[PDB]
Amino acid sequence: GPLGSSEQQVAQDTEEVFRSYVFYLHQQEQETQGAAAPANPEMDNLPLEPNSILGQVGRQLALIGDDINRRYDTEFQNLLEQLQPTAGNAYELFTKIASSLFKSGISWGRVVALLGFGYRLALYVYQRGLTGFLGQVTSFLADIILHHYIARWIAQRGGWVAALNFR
């Protein structure tokens, strides 16, 4: 009905891709920066599937995002200043970022930036003392990717596994 068969699969896969992205980006920061990396035990305790395709997509997008998302740091941090103490407007901020990132179209680099904002939002919410929010951030991201036709765009390119071609 409203969803394509592959579009629907892509939208259902987003949660695992983002959880993997988060785990591997956080682990990469620890491996390179050690104790200087921003701590977040919730991101250390992410159990992943054993070496799944979506897991390897998340890992590769994290390796890429560590590089190409540095250009968005100031924009992301400036927007996070608007986060309410309860994090009640977290979804609204996430949709503001998506609107800005995809204003001129969709690309893999823009998708990676969106995942990167999700990571920074989850990290900051935790640093402000709110625990157990990673699941909500993940749902927010999956919601944005489906409704903004990002899942459709990814499906047209072969699904999340297509991201493996930027190793």
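Numbers follow the displayed sequence, beginning with 1.
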For the C-alpha atoms alone, is the average B factor greater in 64-72 or in 22-30, going by the entry?
-> 64-72
In the PDB record, does 135-143 or 45-53 carry the higher mean Cα temperature factor?
-> 45-53
When the entry's CA B-factors for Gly58, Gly109, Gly105, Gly118 are compared, the highest one belongs to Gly105
Against its chain's modelled residues, does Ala90's Cα B factor rank lowest, middle or highest third?
-> middle
So where's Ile97 on the chain's Cα temperature factor ranking, which third?
-> lowest
Sorting the chain's modelled residues by C-alpha B-factor and splitting them into thirds places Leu123 in the lowest
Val161: which third of its chain by C-alpha temperature factor?
-> lowest
According to the PDB entry, is the CA B factor of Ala39 in the bottom, middle or top third of its chain, that is, lowest, middle or highest?
-> middle
